[PDB]
>>> print(open('final19.pdb').read())   # PDB, C-alpha atoms
ATOM      1  CA  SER M   1       0.000   0.000   0.000  1.00  0.00           C
ATOM      2  CA  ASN M   2       0.889   3.654  -0.276  1.00  0.00           C
ATOM      3  CA  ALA M   3       1.303   4.241   3.460  1.00  0.00           C
ATOM      4  CA  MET M   4       4.410   6.186   4.437  1.00  0.00           C
ATOM      5  CA  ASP M   5       3.822   9.864   3.958  1.00  0.00           C
ATOM      6  CA  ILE M   6       7.395  10.553   2.957  1.00  0.00           C
ATOM      7  CA  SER M   7       6.595  14.184   3.823  1.00  0.00           C
ATOM      8  CA  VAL M   8       5.719  13.318   7.445  1.00  0.00           C
ATOM      9  CA  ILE M   9       8.813  11.128   7.982  1.00  0.00           C
ATOM     10  CA  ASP M  10      11.729  13.124   9.344  1.00  0.00           C
ATOM     11  CA  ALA M  11      14.885  11.564   7.898  1.00  0.00           C
ATOM     12  CA  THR M  12      17.023  13.817  10.105  1.00  0.00           C
ATOM     13  CA  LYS M  13      15.884  11.877  13.204  1.00  0.00           C
ATOM     14  CA  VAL M  14      17.284   8.504  12.190  1.00  0.00           C
ATOM     15  CA  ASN M  15      20.866   7.500  12.963  1.00  0.00           C
ATOM     16  CA  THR M  16      23.542   5.132  11.691  1.00  0.00           C
ATOM     17  CA  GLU M  17      24.384   3.833  15.180  1.00  0.00           C
ATOM     18  CA  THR M  18      21.607   1.571  16.442  1.00  0.00           C
ATOM     19  CA  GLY M  19      21.167  -1.797  14.791  1.00  0.00           C
ATOM     20  CA  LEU M  20      22.883  -4.411  12.687  1.00  0.00           C
ATOM     21  CA  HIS M  21      25.802  -3.024  10.670  1.00  0.00           C
ATOM     22  CA  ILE M  22      26.634  -4.711   7.362  1.00  0.00           C
ATOM     23  CA  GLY M  23      29.649  -3.431   5.463  1.00  0.00           C
ATOM     24  CA  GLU M  24      32.533  -1.070   6.116  1.00  0.00           C
ATOM     25  CA  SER M  25      32.097   1.536   8.892  1.00  0.00           C
ATOM     26  CA  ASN M  26      33.586   4.198   6.687  1.00  0.00           C
ATOM     27  CA  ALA M  27      31.441   3.438   3.619  1.00  0.00           C
ATOM     28  CA  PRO M  28      30.154   6.793   2.312  1.00  0.00           C
ATOM     29  CA  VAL M  29      26.567   5.707   1.623  1.00  0.00           C
ATOM     30  CA  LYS M  30      24.586   4.848   4.754  1.00  0.00           C
ATOM     31  CA  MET M  31      21.484   2.777   4.053  1.00  0.00           C
ATOM     32  CA  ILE M  32      19.036   2.693   6.971  1.00  0.00           C
ATOM     33  CA  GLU M  33      16.455  -0.106   6.883  1.00  0.00           C
ATOM     34  CA  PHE M  34      13.502  -0.328   9.262  1.00  0.00           C
ATOM     35  CA  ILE M  35      12.132  -3.829   8.833  1.00  0.00           C
ATOM     36  CA  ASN M  36      10.198  -6.557  10.600  1.00  0.00           C
ATOM     37  CA  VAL M  37      11.218 -10.076   9.592  1.00  0.00           C
ATOM     38  CA  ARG M  38       7.645 -11.396   9.488  1.00  0.00           C
ATOM     39  CA  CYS M  39       6.579  -8.732   7.038  1.00  0.00           C
ATOM     40  CA  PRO M  40       6.093  -9.963   3.440  1.00  0.00           C
ATOM     41  CA  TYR M  41       6.777  -6.461   2.106  1.00  0.00           C
ATOM     42  CA  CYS M  42      10.102  -6.539   3.981  1.00  0.00           C
ATOM     43  CA  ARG M  43      10.656 -10.015   2.489  1.00  0.00           C
ATOM     44  CA  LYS M  44      10.146  -8.528  -1.000  1.00  0.00           C
ATOM     45  CA  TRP M  45      12.570  -5.681  -0.226  1.00  0.00           C
ATOM     46  CA  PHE M  46      15.192  -8.147   0.990  1.00  0.00           C
ATOM     47  CA  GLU M  47      14.987 -10.508  -1.983  1.00  0.00           C
ATOM     48  CA  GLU M  48      14.786  -7.879  -4.748  1.00  0.00           C
ATOM     49  CA  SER M  49      17.755  -5.886  -3.407  1.00  0.00           C
ATOM     50  CA  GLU M  50      19.940  -8.838  -2.330  1.00  0.00           C
ATOM     51  CA  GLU M  51      22.438  -8.884  -5.224  1.00  0.00           C
ATOM     52  CA  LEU M  52      22.818  -5.131  -5.673  1.00  0.00           C
ATOM     53  CA  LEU M  53      23.333  -4.609  -1.955  1.00  0.00           C
ATOM     54  CA  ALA M  54      25.814  -7.476  -1.616  1.00  0.00           C
ATOM     55  CA  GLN M  55      27.962  -5.939  -4.345  1.00  0.00           C
ATOM     56  CA  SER M  56      27.581  -2.393  -2.960  1.00  0.00           C
ATOM     57  CA  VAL M  57      28.621  -3.569   0.500  1.00  0.00           C
ATOM     58  CA  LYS M  58      31.539  -5.598  -0.850  1.00  0.00           C
ATOM     59  CA  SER M  59      32.813  -2.689  -2.965  1.00  0.00           C
ATOM     60  CA  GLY M  60      32.916  -0.403   0.117  1.00  0.00           C
ATOM     61  CA  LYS M  61      30.269   1.994  -1.227  1.00  0.00           C
ATOM     62  CA  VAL M  62      27.431   1.136   1.173  1.00  0.00           C
ATOM     63  CA  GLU M  63      27.057   0.374   4.853  1.00  0.00           C
ATOM     64  CA  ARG M  64      23.650  -1.018   5.803  1.00  0.00           C
ATOM     65  CA  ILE M  65      22.192  -0.295   9.217  1.00  0.00           C
ATOM     66  CA  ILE M  66      19.366  -2.755   9.726  1.00  0.00           C
ATOM     67  CA  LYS M  67      16.867  -1.717  12.389  1.00  0.00           C
ATOM     68  CA  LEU M  68      14.668  -4.592  13.526  1.00  0.00           C
ATOM     69  CA  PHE M  69      11.431  -2.833  14.412  1.00  0.00           C
ATOM     70  CA  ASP M  70       9.220  -4.798  16.840  1.00  0.00           C
ATOM     71  CA  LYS M  71       5.632  -3.970  15.909  1.00  0.00           C
ATOM     72  CA  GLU M  72       2.190  -4.118  17.524  1.00  0.00           C
ATOM     73  CA  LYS M  73       0.159  -5.705  14.713  1.00  0.00           C
ATOM     74  CA  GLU M  74      -0.744  -9.255  15.722  1.00  0.00           C
ATOM     75  CA  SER M  75       0.881 -10.976  12.734  1.00  0.00           C
ATOM     76  CA  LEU M  76       4.079  -8.946  13.050  1.00  0.00           C
ATOM     77  CA  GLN M  77       4.475  -9.928  16.690  1.00  0.00           C
ATOM     78  CA  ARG M  78       5.773 -13.259  15.353  1.00  0.00           C
ATOM     79  CA  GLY M  79       8.573 -11.247  13.730  1.00  0.00           C
ATOM     80  CA  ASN M  80       9.278  -9.574  17.045  1.00  0.00           C
ATOM     81  CA  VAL M  81      10.109 -12.962  18.548  1.00  0.00           C
ATOM     82  CA  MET M  82      12.534 -13.700  15.698  1.00  0.00           C
ATOM     83  CA  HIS M  83      14.234 -10.318  16.128  1.00  0.00           C
ATOM     84  CA  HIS M  84      15.346 -11.450  19.575  1.00  0.00           C
ATOM     85  CA  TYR M  85      17.367 -14.375  18.145  1.00  0.00           C
ATOM     86  CA  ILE M  86      19.689 -12.055  16.223  1.00  0.00           C
ATOM     87  CA  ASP M  87      23.328 -12.232  17.235  1.00  0.00           C
ATOM     88  CA  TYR M  88      24.476  -8.620  17.092  1.00  0.00           C
ATOM     89  CA  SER M  89      28.046  -9.713  17.950  1.00  0.00           C
ATOM     90  CA  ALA M  90      28.352 -11.514  14.584  1.00  0.00           C
ATOM     91  CA  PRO M  91      26.908  -9.274  11.811  1.00  0.00           C
ATOM     92  CA  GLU M  92      27.677 -11.534   8.821  1.00  0.00           C
ATOM     93  CA  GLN M  93      26.079 -14.473  10.655  1.00  0.00           C
ATOM     94  CA  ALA M  94      23.125 -12.238  11.626  1.00  0.00           C
ATOM     95  CA  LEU M  95      22.520 -11.303   7.990  1.00  0.00           C
ATOM     96  CA  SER M  96      22.576 -15.020   7.128  1.00  0.00           C
ATOM     97  CA  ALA M  97      20.020 -15.621   9.862  1.00  0.00           C
ATOM     98  CA  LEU M  98      17.783 -12.857   8.468  1.00  0.00           C
ATOM     99  CA  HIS M  99      17.990 -14.526   5.070  1.00  0.00           C
ATOM    100  CA  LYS M 100      16.931 -17.852   6.569  1.00  0.00           C
ATOM    101  CA  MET M 101      14.127 -16.206   8.572  1.00  0.00           C
ATOM    102  CA  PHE M 102      12.774 -14.603   5.400  1.00  0.00           C
ATOM    103  CA  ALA M 103      13.089 -17.824   3.397  1.00  0.00           C
ATOM    104  CA  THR M 104      11.034 -19.643   6.065  1.00  0.00           C
ATOM    105  CA  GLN M 105       8.609 -16.767   6.770  1.00  0.00           C
ATOM    106  CA  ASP M 106       5.450 -18.711   5.894  1.00  0.00           C
ATOM    107  CA  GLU M 107       6.502 -21.646   8.094  1.00  0.00           C
ATOM    108  CA  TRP M 108       6.961 -19.761  11.371  1.00  0.00           C
ATOM    109  CA  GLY M 109       4.973 -16.600  10.571  1.00  0.00           C
ATOM    110  CA  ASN M 110       1.614 -18.170  11.445  1.00  0.00           C
ATOM    111  CA  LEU M 111       2.619 -19.888  14.686  1.00  0.00           C
ATOM    112  CA  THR M 112       1.838 -18.905  18.261  1.00  0.00           C
ATOM    113  CA  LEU M 113       4.477 -16.668  19.841  1.00  0.00           C
ATOM    114  CA  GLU M 114       5.747 -19.571  21.948  1.00  0.00           C
ATOM    115  CA  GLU M 115       6.022 -21.764  18.836  1.00  0.00           C
ATOM    116  CA  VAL M 116       7.907 -19.076  16.922  1.00  0.00           C
ATOM    117  CA  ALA M 117      10.509 -19.241  19.722  1.00  0.00           C
ATOM    118  CA  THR M 118      10.590 -23.039  19.469  1.00  0.00           C
ATOM    119  CA  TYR M 119      11.010 -22.777  15.691  1.00  0.00           C
ATOM    120  CA  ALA M 120      13.903 -20.319  16.095  1.00  0.00           C
ATOM    121  CA  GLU M 121      15.575 -22.727  18.514  1.00  0.00           C
ATOM    122  CA  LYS M 122      14.803 -26.134  16.997  1.00  0.00           C
ATOM    123  CA  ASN M 123      14.322 -25.381  13.290  1.00  0.00           C
ATOM    124  CA  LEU M 124      16.771 -22.507  12.818  1.00  0.00           C
ATOM    125  CA  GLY M 125      19.289 -23.432  15.544  1.00  0.00           C
ATOM    126  CA  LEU M 126      19.269 -19.959  17.114  1.00  0.00           C
ATOM    127  CA  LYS M 127      19.633 -18.765  20.694  1.00  0.00           C
ATOM    128  CA  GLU M 128      17.370 -16.242  22.453  1.00  0.00           C
ATOM    129  CA  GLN M 129      19.260 -13.027  23.193  1.00  0.00           C
ATOM    130  CA  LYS M 130      16.889 -10.065  23.349  1.00  0.00           C
ATOM    131  CA  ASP M 131      18.690  -6.729  23.702  1.00  0.00           C
ATOM    132  CA  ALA M 132      15.900  -4.774  25.406  1.00  0.00           C
ATOM    133  CA  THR M 133      17.755  -1.468  25.082  1.00  0.00           C
ATOM    134  CA  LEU M 134      18.302  -1.982  21.359  1.00  0.00           C
ATOM    135  CA  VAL M 135      14.663  -3.038  20.820  1.00  0.00           C
ATOM    136  CA  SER M 136      13.439   0.083  22.636  1.00  0.00           C
ATOM    137  CA  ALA M 137      15.997   2.268  20.838  1.00  0.00           C
ATOM    138  CA  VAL M 138      14.664   1.206  17.426  1.00  0.00           C
ATOM    139  CA  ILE M 139      11.067   1.849  18.489  1.00  0.00           C
ATOM    140  CA  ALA M 140      12.062   5.266  19.922  1.00  0.00           C
ATOM    141  CA  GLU M 141      14.015   6.169  16.765  1.00  0.00           C
ATOM    142  CA  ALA M 142      11.130   5.179  14.479  1.00  0.00           C
ATOM    143  CA  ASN M 143       8.888   7.309  16.664  1.00  0.00           C
ATOM    144  CA  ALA M 144      11.227  10.320  16.500  1.00  0.00           C
ATOM    145  CA  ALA M 145      11.332  10.043  12.714  1.00  0.00           C
ATOM    146  CA  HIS M 146       7.547   9.442  12.407  1.00  0.00           C
ATOM    147  CA  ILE M 147       8.171   6.047  10.808  1.00  0.00           C
ATOM    148  CA  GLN M 148       5.174   3.798  11.448  1.00  0.00           C
ATOM    149  CA  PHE M 149       5.437   1.307   8.613  1.00  0.00           C
ATOM    150  CA  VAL M 150       7.844  -1.290   7.330  1.00  0.00           C
ATOM    151  CA  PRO M 151       9.873  -1.555   5.254  1.00  0.00           C
ATOM    152  CA  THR M 152      11.087   2.047   5.435  1.00  0.00           C
ATOM    153  CA  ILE M 153      14.444   2.476   3.720  1.00  0.00           C
ATOM    154  CA  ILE M 154      16.334   5.740   3.971  1.00  0.00           C
ATOM    155  CA  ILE M 155      19.445   6.988   2.192  1.00  0.00           C
ATOM    156  CA  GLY M 156      20.020  10.591   3.240  1.00  0.00           C
ATOM    157  CA  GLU M 157      16.850  12.500   2.319  1.00  0.00           C
ATOM    158  CA  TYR M 158      15.572   9.667   0.095  1.00  0.00           C
ATOM    159  CA  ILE M 159      12.811   7.581   1.692  1.00  0.00           C
ATOM    160  CA  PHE M 160      11.485   4.516  -0.118  1.00  0.00           C
ATOM    161  CA  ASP M 161      10.138   0.990   0.388  1.00  0.00           C
ATOM    162  CA  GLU M 162       9.710  -2.370  -1.355  1.00  0.00           C
ATOM    163  CA  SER M 163       8.171  -0.649  -4.397  1.00  0.00           C
ATOM    164  CA  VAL M 164      11.621   0.729  -5.319  1.00  0.00           C
ATOM    165  CA  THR M 165      13.018  -0.629  -8.580  1.00  0.00           C
ATOM    166  CA  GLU M 166      16.648  -1.734  -8.778  1.00  0.00           C
ATOM    167  CA  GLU M 167      17.360   1.126 -11.184  1.00  0.00           C
ATOM    168  CA  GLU M 168      15.894   3.585  -8.702  1.00  0.00           C
ATOM    169  CA  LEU M 169      17.928   1.985  -5.907  1.00  0.00           C
ATOM    170  CA  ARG M 170      21.128   2.354  -7.935  1.00  0.00           C
ATOM    171  CA  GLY M 171      20.111   5.980  -8.493  1.00  0.00           C
ATOM    172  CA  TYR M 172      19.730   6.623  -4.749  1.00  0.00           C
ATOM    173  CA  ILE M 173      23.062   4.943  -3.964  1.00  0.00           C
ATOM    174  CA  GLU M 174      24.833   7.030  -6.619  1.00  0.00           C
ATOM    175  CA  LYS M 175      23.372  10.080  -5.156  1.00  0.00           C
TER     176      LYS M 175
END
>>> encode(input="final19.pdb", output="structure tokens")
Amino acid sequence: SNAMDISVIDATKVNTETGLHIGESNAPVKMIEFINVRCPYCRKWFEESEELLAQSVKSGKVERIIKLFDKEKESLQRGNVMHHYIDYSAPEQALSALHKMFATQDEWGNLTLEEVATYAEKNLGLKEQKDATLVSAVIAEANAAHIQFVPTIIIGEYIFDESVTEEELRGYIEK
């Protein structure tokens, strides 16, 4: 859906500190991604951008800052559980985990919250490690920036979502 109001969102209120960092810390282009791993629109964003972002990260052009936004909507609460199995100490492994979570989204996305935890543990081999401060920091940051929906992707003043084309994404990265 057309939901964001890019005019209401305040891209000056987001930061490149909180969240999962993928790529070089000194990469010039900072890509901020508010996502929830149960969201199918976030799934679309992740799959359609996978190759371009992997190359951009590898080439040193882009650093991604992935902000796992725990959400209130009943369905997305399943994603919240998964967000707490992310190992922030091992970013490359965390990105791999996000990829597996998205690939299995329909399998765990419709389970009870307790069963999502069991799936993370038994089916994905993950360990619970909620960082309450980080979780709250992402919610507070989204609130400051008037970001209610996912995915919300921000590069500087440019605010977009899963509807972005790969040509448009290249355009935003290149300026």
>>> atom_distance(input="final19.pdb", atom1="CA of residue 94 (chain M)", atom2="CA of residue 130 (chain M)")
13.5 Å
>>> closest_residue(input="final19.pdb", among="M:49, M:143, M:36, M:129", to="residue 11 (chain M)", atoms="only C-alpha atoms")
M:143
>>> resolve_selection(input="final19.pdb", expression="the PyMOL selection byres ((chain M and resi 12-28) around 8)", output="list in words")
residues 10, 11, 29, 30, 32, 57, 58, 60, 61, 62, 63, 64, 65, 66, 67, 68, 88, 91, 92, 94, 95, 134, 137, 138, 141, 142, 144, 145 and 157 of chain M
>>> residues_near_point(input="final19.pdb", point="(12.3, 3.8, 8.0)", cutoff="6 Å", atoms="only C-alpha atoms", output="compact mmCIF listing (two decimals) with C-alpha atoms, in the coordinates of the input")
# COMPACT_ATOMS: atom_id res chain seq x y z
CA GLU M 33 16.45 -0.11 6.88
CA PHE M 34 13.50 -0.33 9.26
CA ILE M 147 8.17 6.05 10.81
CA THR M 152 11.09 2.05 5.44
CA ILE M 153 14.44 2.48 3.72
>>> residues_around(input="final19.pdb", residues="residue 6 (chain M)", least_positions_apart="5", cutoff="9 Å", atoms="all atoms listed in the file", output="list in words")
residues 158, 159 and 160 of chain M
>>> write_last_selection(input="final19.pdb", atoms="C-alpha atoms", output="compact mmCIF listing (two decimals), keeping the file's coordinate frame")
# COMPACT_ATOMS: atom_id res chain seq x y z
CA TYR M 158 15.57 9.67 0.10
CA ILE M 159 12.81 7.58 1.69
CA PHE M 160 11.48 4.52 -0.12
>>> resolve_selection(input="final19.pdb", expression="the PyMOL selection byres ((chain M and resi 175) around 10)", output="number ranges by chain")
M: 29, 155-156, 158, 169-174
>>> resolve_selection(input="final19.pdb", expression="the PyMOL selection byres ((chain M and resi 97) around 12)", output="ChimeraX atom specification")
/M:20,37,82-88,90-96,98-105,120,123-127
>>> atom_distance(input="final19.pdb", atom1="CA of residue 136 (chain M)", atom2="CA of residue 81 (chain M)")
14.1 Å
>>> atom_distance(input="final19.pdb", atom1="CA of residue 75 (chain M)", atom2="CA of residue 131 (chain M)")
21.3 Å
>>> residues_near_point(input="final19.pdb", point="(0.3, -12.9, 4.5)", cutoff="10 Å", atoms="all atoms listed in the file", output="PDB file with C-alpha atoms, in the coordinates of the input")
ATOM      1  CA  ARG M  38       7.645 -11.396   9.488  1.00  0.00           C
ATOM      2  CA  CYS M  39       6.579  -8.732   7.038  1.00  0.00           C
ATOM      3  CA  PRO M  40       6.093  -9.963   3.440  1.00  0.00           C
ATOM      4  CA  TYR M  41       6.777  -6.461   2.106  1.00  0.00           C
ATOM      5  CA  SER M  75       0.881 -10.976  12.734  1.00  0.00           C
ATOM      6  CA  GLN M 105       8.609 -16.767   6.770  1.00  0.00           C
ATOM      7  CA  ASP M 106       5.450 -18.711   5.894  1.00  0.00           C
ATOM      8  CA  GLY M 109       4.973 -16.600  10.571  1.00  0.00           C
ATOM      9  CA  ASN M 110       1.614 -18.170  11.445  1.00  0.00           C
TER      10      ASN M 110
END
>>> closest_residue(input="final19.pdb", among="M:7, M:148, M:161, M:108", to="residue 80 (chain M)", atoms="only C-alpha atoms")
M:108
>>> closest_residue(input="final19.pdb", among="M:89, M:163, M:107, M:146", to="residue 8 (chain M)", atoms="all atoms listed in the file")
M:146
>>> closest_residue(input="final19.pdb", among="M:128, M:114, M:48, M:72", to="residue 164 (chain M)", atoms="only C-alpha atoms")
M:48
>>> build_atoms(input="final19.pdb", residues="region 24-37 of chain M", atoms="N, CA and C atoms", output="mmCIF file, in the frame of the given file")
data_model
loop_
_atom_site.group_PDB
_atom_site.id
_atom_site.type_symbol
_atom_site.label_atom_id
_atom_site.label_comp_id
_atom_site.auth_asym_id
_atom_site.auth_seq_id
_atom_site.Cartn_x
_atom_site.Cartn_y
_atom_site.Cartn_z
ATOM 1 N N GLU M 24 31.457 -1.855 5.519
ATOM 2 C CA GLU M 24 32.533 -1.070 6.116
ATOM 3 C C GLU M 24 32.018 0.160 6.868
ATOM 4 N N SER M 25 32.531 0.389 8.077
ATOM 5 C CA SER M 25 32.097 1.536 8.892
ATOM 6 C C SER M 25 32.346 2.882 8.215
ATOM 7 N N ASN M 26 33.341 2.912 7.335
ATOM 8 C CA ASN M 26 33.586 4.198 6.687
ATOM 9 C C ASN M 26 32.967 4.317 5.292
ATOM 10 N N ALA M 27 32.128 3.349 4.915
ATOM 11 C CA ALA M 27 31.441 3.438 3.619
ATOM 12 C C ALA M 27 30.661 4.745 3.548
ATOM 13 N N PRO M 28 30.787 5.475 2.430
ATOM 14 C CA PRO M 28 30.154 6.793 2.312
ATOM 15 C C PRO M 28 28.623 6.780 2.312
ATOM 16 N N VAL M 29 28.022 5.750 1.730
ATOM 17 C CA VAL M 29 26.567 5.707 1.623
ATOM 18 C C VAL M 29 26.014 4.879 2.773
ATOM 19 N N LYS M 30 25.195 5.516 3.607
ATOM 20 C CA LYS M 30 24.586 4.848 4.754
ATOM 21 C C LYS M 30 23.146 4.533 4.421
ATOM 22 N N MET M 31 22.822 3.246 4.402
ATOM 23 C CA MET M 31 21.484 2.777 4.053
ATOM 24 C C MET M 31 20.800 2.299 5.321
ATOM 25 N N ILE M 32 19.763 3.015 5.743
ATOM 26 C CA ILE M 32 19.036 2.693 6.971
ATOM 27 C C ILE M 32 17.764 1.933 6.618
ATOM 28 N N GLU M 33 17.566 0.776 7.243
ATOM 29 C CA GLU M 33 16.455 -0.106 6.883
ATOM 30 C C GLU M 33 15.651 -0.469 8.114
ATOM 31 N N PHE M 34 14.441 0.073 8.215
ATOM 32 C CA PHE M 34 13.502 -0.328 9.262
ATOM 33 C C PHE M 34 12.668 -1.473 8.712
ATOM 34 N N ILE M 35 12.803 -2.641 9.327
ATOM 35 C CA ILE M 35 12.132 -3.829 8.833
ATOM 36 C C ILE M 35 11.582 -4.658 9.994
ATOM 37 N N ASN M 36 10.622 -5.516 9.676
ATOM 38 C CA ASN M 36 10.198 -6.557 10.600
ATOM 39 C C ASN M 36 10.259 -7.859 9.809
ATOM 40 N N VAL M 37 10.914 -8.868 10.365
ATOM 41 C CA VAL M 37 11.218 -10.076 9.592
ATOM 42 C C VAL M 37 10.024 -10.950 9.279
#
